[PDB]
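> Chains as they are written, first to last, in the entry's author numbering: chain A, 51 to 149; chain B, 10 to 247; chain C, 10 to 247; chain D, 10 to 247; chain E, 1 to 83, 86 to 129, 135 to 296; chain F, 199 to 247; chain G, 29 to 62, 64 to 67; chain H, 29 to 62, 64 to 67.
Just so you know, even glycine gets a beta-carbon here, dropped at the ideal spot from N, CA and C.
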Amino acid sequence: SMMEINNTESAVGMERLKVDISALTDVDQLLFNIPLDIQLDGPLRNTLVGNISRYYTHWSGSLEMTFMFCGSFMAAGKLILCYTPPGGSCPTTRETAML
Amino acid sequence: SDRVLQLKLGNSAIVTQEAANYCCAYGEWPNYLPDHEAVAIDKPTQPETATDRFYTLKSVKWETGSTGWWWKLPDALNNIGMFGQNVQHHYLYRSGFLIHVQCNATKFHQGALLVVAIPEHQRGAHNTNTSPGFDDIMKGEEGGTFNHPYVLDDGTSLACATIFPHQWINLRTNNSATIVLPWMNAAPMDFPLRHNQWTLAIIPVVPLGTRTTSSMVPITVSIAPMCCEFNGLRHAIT
Amino acid sequence: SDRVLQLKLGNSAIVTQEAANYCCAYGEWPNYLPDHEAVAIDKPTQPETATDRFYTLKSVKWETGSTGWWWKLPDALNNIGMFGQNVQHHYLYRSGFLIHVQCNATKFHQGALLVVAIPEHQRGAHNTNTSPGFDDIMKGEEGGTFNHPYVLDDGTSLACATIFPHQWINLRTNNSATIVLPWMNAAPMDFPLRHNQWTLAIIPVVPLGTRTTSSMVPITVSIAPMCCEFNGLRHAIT
Amino acid sequence: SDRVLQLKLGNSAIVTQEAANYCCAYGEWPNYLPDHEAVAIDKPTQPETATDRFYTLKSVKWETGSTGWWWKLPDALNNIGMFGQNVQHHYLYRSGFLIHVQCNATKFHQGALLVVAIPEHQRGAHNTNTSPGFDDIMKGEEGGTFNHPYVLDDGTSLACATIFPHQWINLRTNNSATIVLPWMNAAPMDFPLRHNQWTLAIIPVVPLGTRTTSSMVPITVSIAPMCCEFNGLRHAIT
Amino acid sequence: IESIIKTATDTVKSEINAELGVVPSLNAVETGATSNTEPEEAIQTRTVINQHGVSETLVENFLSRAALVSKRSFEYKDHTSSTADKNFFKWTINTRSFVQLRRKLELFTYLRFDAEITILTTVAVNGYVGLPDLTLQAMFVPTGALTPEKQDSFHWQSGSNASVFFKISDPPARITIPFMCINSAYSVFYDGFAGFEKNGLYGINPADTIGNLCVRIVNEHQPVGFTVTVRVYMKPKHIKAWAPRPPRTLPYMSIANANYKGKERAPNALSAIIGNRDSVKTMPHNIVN
Amino acid sequence: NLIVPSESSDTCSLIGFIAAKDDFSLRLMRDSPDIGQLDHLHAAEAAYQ
Amino acid sequence: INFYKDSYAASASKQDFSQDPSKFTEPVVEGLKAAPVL
Amino acid sequence: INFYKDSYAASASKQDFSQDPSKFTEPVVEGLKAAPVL
Ligand SMILES: CC(C)Oc1ccc(C(=O)Nc2cccc3c(-c4ccc(CN)s4)ccnc23)cc1
């Protein structure tokens with residue numbers, strides 16, 4: 051079920067369910083991050099896994115995030131999606147997140 | 010394999026060259042009512058190819074500001090062809106449906122439609138205590154438009170609507186969607202004029218965009234009733 | 010038999026000519042985590058000889074007024090060698106430990122050190138309601154000193170501390186102590202930067218004394234991590 | 010078949026939808042050092058998934074005037090992650106490499122990159138008798154640029170460089186290249202800070218061109234060390 | 001394929017891949033199937049033997065706990081001058099009044115269950136004399152039966168209605184009602200109209216009508232007044248559930264319909280269900296040391 | 199980089215989805231903080247009338 | 029313990045461990061492969 | 029007497045007479061003798 055990743059002011063309604071990507075002129079730039087808190091309010095809360103899990107206190111097991119690219123057929127690109135196990139701050143550079 | 014499809018029912022056929030497989034709702038296929046589930050004791054009429062064929066609705070224009078569209082079943086078909094005539098002359102109806110949604114654009118267009126079949130899509134009104142009236146619900150062949158697709162017009166969630174039978178038309182990937190719906194009711198048959206089992210919702214979660222010269226980008230809906238049965242013959246309500 | 014010992018782990022070896030046997034805590038030996046107890050599903054790194062080797066800490070001087078010394082594990086090793094690097098780059102850690110404590114003097118010296126490994130040595134503060142802070146607990150490689158060894162700094166009892174895995178260095182008898190610690194936690198693995206499984210305490214229950222010319226009498230601590238595993242690779246916290 | 014590829018090593022994975030098969034250098038696959046070829050008698054550390062995973066370097070911009078780029082192995086990785094830590098703490102190293110080069114553009118772009126892995130790419134200087142210095146060779150993670158790619162900066166020949174393990178990225182055909190490198194040395198292990206076994210060279214033999222609106226066209230390099238072994242543990246040179 | 005699942009699945013160890021033509025991390029969301037990528041295919045894994053049970057998420061366990069469905073307070077007094087619940091009340095039975103039960107039930111399209119009903123009564127003196140140990144009568148009045156008009160009307164003789172008589176000093180009164188729909192399941196949602204004319208109620212299936220609960224104090228009034236509160240609890244049991252639904256996000260407005268307004272600002276506003284963060288690059292609870 | 203020709207839109211969207219895998223487990227049921235009421239709902243009183 | 033004559037009077041039935049999640053996760057007519066899906 | 033469906037509901041389990049005091053009294057790698066210990 052869709053994550054509300056664009057939970058920002060000036061994103062209204064349906065606009066909150068998508069993230070817009072543009073061509074950049076600097077290499078290896080950060081595009082977005084996703085807070086992984088299901089208990090605190092965040093992109094995961096209003097999801098099927100999220101809503102059902104909030105009837106419970108304890109959880110275990112793996113999650114899958116799937117991303118669908120919805121540009122035109124002629125659009126091309128490569129993204130790197132990173133999960134960082136806990137302990138420090140969220141990485142802000144690609145060569146940190148790549149680890 | 011998964012990309013090309015032909016559907017043939019009665020005197021009607023559809024081909025697509027950009028399918029994305031197709032959905033059978035909850036893994037079921039339409040069937041006729043068996044004797045061990047039947048209630049009404051009169052012998053049903055089963056018109057077969059006269060009813061169990063694709064009917065094409067009026068197309069809708071996809072625009073930058075579109076909120077999405079909906080049609081209720083059987084309501085949208087209750088006045089069309091021999092399906093409509095049997096609906097009007099019979100107290101009781103049962104069928105499945107084959108839904109095929111069509112939308113094509115160039116390789117320079119982008120956009121994504123969620124095509125979702127919702128069982129018992131009981132609508133809410135916005136910002137009132139008064140329940141939706143008859144003319145808010147019973148749109149017929151023309152269908153309706155979403156007021157607040159973000160909550161599915163029922164105080165709920167577009168984001169979680171993938172729990173229902175659905176496909177996407179992502180213009181980059183595919184240009185049609187197909188959903189097969191079984192009979193989906195608490196009773197074995199129903200009065201077709203006062204209850205809708207299914208609502209087809211088409212919602213543009215990613216808006217239509219391009220930098221080519223603009224064209225009208227229509228969305229077209231073709232629905233085949235499947236395994237139609239009718240009971241309780243009388244005069245036409247019509 | 011019981012008096013001489015050699016310990017060899019990786020590129021490191023220790024010999025003693027005055028051991029007093031050695032302690033295996035609760036009769037266990039270190040082992041790797043078996044599949045039927047495992048939680049984290051990523052494949053662990055097991056560096057073996059890069060981590061599972063003796064590291065020697067800074068020596069402490071035994072003095073007439075000494076209250077005793079303590080070090081927390083893994084905290085004391087979290088910045089040392091390849092053990093420290095794996096700690097800093099991984100979310101999860103597990104290991105046992107081999108502890109070897111060294112102190113020699115002449116045949117005219119007297120003194121007795123209790124060498125005790127305490128699991129979950131949650132410290133108290135003296136004469137306050139405020140709990141110990143981060144810098145009171147996390148002493149790292151240098152370790153700490155006992156404030157009130159008579160109550161083990163936790164409102165309890167040095168006299169009953171023999172309930173924990175321990176040896177003595179009685180200068181008349183022996184000049185080293187050895188304790189083997191298994192993994193000792195309620196979870197199968199842990200975050201090494203926020204929890205200490207074990208505290209090594211060295212307490213001079215009989216003070217150092219002699220009438221020869223005085224010399225510096227150091228106490229030296231060598232610890233080998235055993236069966237190290239690390240899970241959850243990321244950037245270094247460091 | 011040959012067009013789509015997934016590479017999975019440790020916690021890292023790469024997918025490509027436009028591969029052109031992939032190269033195994035001289036038909037070899039990486040392996041650990043067998044006992045009948047081994048020299049150093051200490052037990053090696055083999056960190057597996059902590060080292061044997063993709064590291065991504067900084068991207069370079071493809072421009073109309075580009076001469077091409079190079080990176081030396083292990084030099085480019087000697088400061089990255091747990092591979093870098095093991096490099097700094099150990100005298101001896103051995104590994105293979107998995108090299109994956111990424112560059113995409115539109116169907117209106119043209120350009121061809123030769124992606125070649127050169128063993129022992131001993132560089133020359135132009136127009137001097139003085140040999141290249143340490144800072145001319147040891148570029149680390151950033152890599153270098155070709156001065157005279159036509160002679161491979163070594164008085165030789167780009168045209169004959171196809172004698173080395175290579176692929177092309179022809180923007181019309183494919184958007185990634187993959188080369189698997191075995192250990193390639195005269196000794197069974199080496200000191201990683203003074204000798205480079207392999208040089209990755211990316212050279213634009215056909216320049217980037219289009220008449221669409223221009224965009225930044227980056228080239229990205231991801232390298233996985235494979236079957237890493239380290240011997241001779243000591244303090245970190247770092 | 002249908003299978004008996006008692007515990008979460010094991011993880012198998014996995015090696016390095018590098019196979020041409022095999023791309024298990026790529027998917028096609030447009031089909032409407034959920035991603036089939038396994039963890040063993042995304043990363044190198046160890047073997048884990050998984051012993052975690054799944055019984056607490058069984059639908060029986062998720063729904064079969066007793067929740068408040070009705071709560072009514074009324075004056076127990078001499079009512080000759082009152083204009086009011088005169089020592090009795092009538093309740094038209096529904097599940098839509100208390101939102102915690104409502105939201106859980108509305109996760110499904112169809113439900114079949116028997117209803118365990120627990121009736122809890124409490125009393126306070128009106129503004135002390137001690138608390139009377141009153142006898143109450145609850146009577147179930149089905150569709151088309153006559154409801155009582157008065158505390159002492161002859162409808163309370165209950166010749167064929169089911170009644171339970173219970174004391175305040177007793178434990179809570181308890182009875183089970185069977186699954187009583189004229190269909191094979193209740194319609195939790197109903198995209199339809201209740202009558203053959205156009206003016207019938209939208210959104211309520213006539214097939215799911217339970218009836219009325221009538222509760223009186225059986226005692227005559229005392230010389231002083233009391234306030235009596237009756238609480239009704241319902242526990243579904245022997246449950247079947249079909250067609251799971253997206254949960255309710257906006258506050259409920261009415262028991263009669265799904266009408267919606269939202270909160271004034273996020274969370275759970277009509278424009279924004281999740282509360283905002285400064286940007287898609289902002290981590291709100293970022294660990295810093 | 200995202201690279202598009204002039205006739206494609208210069209800006210493109212991702213939709214992100216999440217699900218659990220079948221190794222997932224939940225425990226200790228509680229009242230969800232996602233719903234609440236401060237008042238009686240409209241027409242909840244009318245059920246007593 | 030159930031001495032009532034009607035079977036609906038019984039306590040709850042918490043023993044049904046049958047699942048088929050594919051009716052919600054995989055309602056595609058041609059099953060997915062572990064392999065390009067389109 | 030236990031008619032509850034959850035086994036943790038049962039009364040206390042006072043029947044476990046297994047001991048191994050040597051894990052606290054004799055954690056030496058070479059066992060003591062009944064004989065000079067050092
Ligand atoms: C007097 C005594 C002998 O009998 C009774 C009889 C009934 C009660 C009582 O309140 N039941 C009840 C309270 C609330 C709900 C129900 C339901 C529902 C199932 C699905 C629904 C959606 N529409 S509703 C069914 C039967 N009952 C219910 C209490 C006592």
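(1) Less than 8 Å between the CB atoms is what I'm expecting for residue 281/E and residue 135/A, so what's the real figure, rounded?
(2) Using three-state DSSP, classify residue 208/D as helix, strand or coil.
(3) Using DSSP's beta-bridge definition, name the partner residues of residue 179/C.
(4) Assess contact between the region 134-153 of chain C and the region 231-238 of chain C, defined as three or more Cβ pairs (one per stretch) separated by less than 8 Å. Is contact present?
(5) Say the cut is 6 Å; is the CB of residue 224/E nearer than that to a heavy atom of ligand 1?
(6) Quick one: which residues of the region 251-283 of chain E get their C-beta closer than 7 Å to a C-beta of chain A? List them in chain order.
(7) Mapping DSSP to helix, strand and coil, what is residue 37/C?
(8) Where does residue 238/C sit, in a helix, a strand or coil, going by DSSP?
(9) Using a Cβ-Cβ cut-off of 7 Å (strictly less than) and excluding sequence neighbours within five positions of residue 107/E, which residues of its own chain qualify?
(10) Have a look at the DSSP bridge pairing and note the partners of residue 157/D.
(11) When burial is assigned at 16 or more other CB atoms within 10 Å of the CB, is residue 88/E buried or exposed?
(12) Exposed or buried, what is residue 48/B when buried is set at 16 or more other beta-carbons lying within 10 Å of its beta-carbon?
(13) May I ask you to list the residues that DSSP assigns as paired with residue 127/D?
(14) Tell me, please, whether the CB atom of residue 35/E is closer than 7 Å to any CB atom in chain D?
(15) Anything in chain E within Cβ reach of residue 208/F, meaning under 7 Å, just list it in chain order.
(16) Return the residues of the region 121-144 of chain A that lie within a Cβ-Cβ distance of less than 7 Å from chain F, sorted by chain order.
(17) Start and end of the beta strand (DSSP E) containing residue 75/E?
(18) Which residues bound the alpha helix (DSSP H) around residue 105/E?
(19) Taking the Cβ atom as the reference point for each residue, do residue 170/D and residue 25/E lie within a distance shorter than 7 Å?
(20) Three-state secondary structure (DSSP) at residue 213/E?
(21) Could you pull out every residue in the same chain whose Cβ sits closer than 7 Å to the Cβ of residue 152/D, ignoring the five residues on either side in sequence?
(22) Starting from the Cα of residue 57/H, find the closest Cα among 34/C, 41/C and 40/C and give me that residue.
(23) Could you please tell me which residues of the region 41-56 of chain E, in chain order, have their CB closer than 7 Å to any CB of chain F?
(24) Output the boundary residues of the beta strand (DSSP E) element that contains residue 227/F.
(25) What are the residues that DSSP puts in a beta bridge with residue 126/A?
(26) Quick check: does the Cβ of residue 175/E come within less than 6 Å of any heavy atom belonging to ligand 1?
(27) On the DSSP bridge list, what partners appear for residue 42/G?
(28) How would you write the range of the beta strand (DSSP E) that residue 109/C sits in, first residue to last?
(29) Is the shortest distance between the beta-carbon of residue 224/D and the beta-carbons of chain A less than 7 Å?
(30) Rounded to a whole number of angstroms, what is the C-alpha to C-alpha distance between residue 184/C and residue 210/C?
(31) Quick one: does the C-beta of residue 193/E sit closer than 6 Å to a heavy atom of ligand 1?
(32) Tell me whether the region 241-259 of chain E and the region 225-245 of chain F touch, counting them as touching only if at least three CB pairs, one residue from each stretch, are closer than 8 Å.
(33) What whole-angstrom Cβ distance do residue 235/E and residue 76/E have, given they're in contact under 8 Å?
(34) Output yes if chain A places a C-beta closer than 7 Å to the C-beta of residue 109/C; else output no.
(35) Compare the C-beta of residue 99/C against all C-beta atoms of chain E and say whether one is closer than 7 Å.
(36) Using a 10 Å radius around the Cβ and a threshold of 16 neighbouring Cβ atoms, would you call residue 45/H buried or exposed?
In short:
(1) Actually they do not touch by this definition, with Cβ atoms about 24 Å apart.
(2) strand
(3) 121/C
(4) no
(5) no
(6) 254, 256, 274, 278, 279, 280, 281, 282 and 283
(7) coil
(8) strand
(9) Contacts found: 97, 113 and 195.
(10) None; residue 157/D has no bridge partner.
(11) buried
(12) exposed
(13) 208/D
(14) no
(15) Within chain E, no residue comes near residue 208/F; the closest Cβ sits about 18 Å away, beyond 7 Å.
(16) 121, 122, 124, 125, 126 and 127
(17) 67-76
(18) 101-107
(19) no
(20) Residue 213/E: helix per DSSP, three-state reduction.
(21) Cβ within range, chain order: 78, 79, 80 and 85.
(22) Of 34/C, 41/C and 40/C, the residue nearest in Cα terms is 34/C.
(23) 50, 52, 54 and 56
(24) 223-227
(25) Residue 126/A is bridged to 201/F.
(26) no
(27) Answer by DSSP bridge pairing: none, since residue 42/G is not bridged.
(28) 99-111
(29) Yes - at least one Cβ of chain A is within 7 Å of the one on residue 224/D.
(30) 16 Å
(31) yes
(32) yes
(33) 5 Å
(34) With 7 Å as the cut-off, residue 109/C does not count as an interface residue toward chain A.
(35) no
(36) exposed
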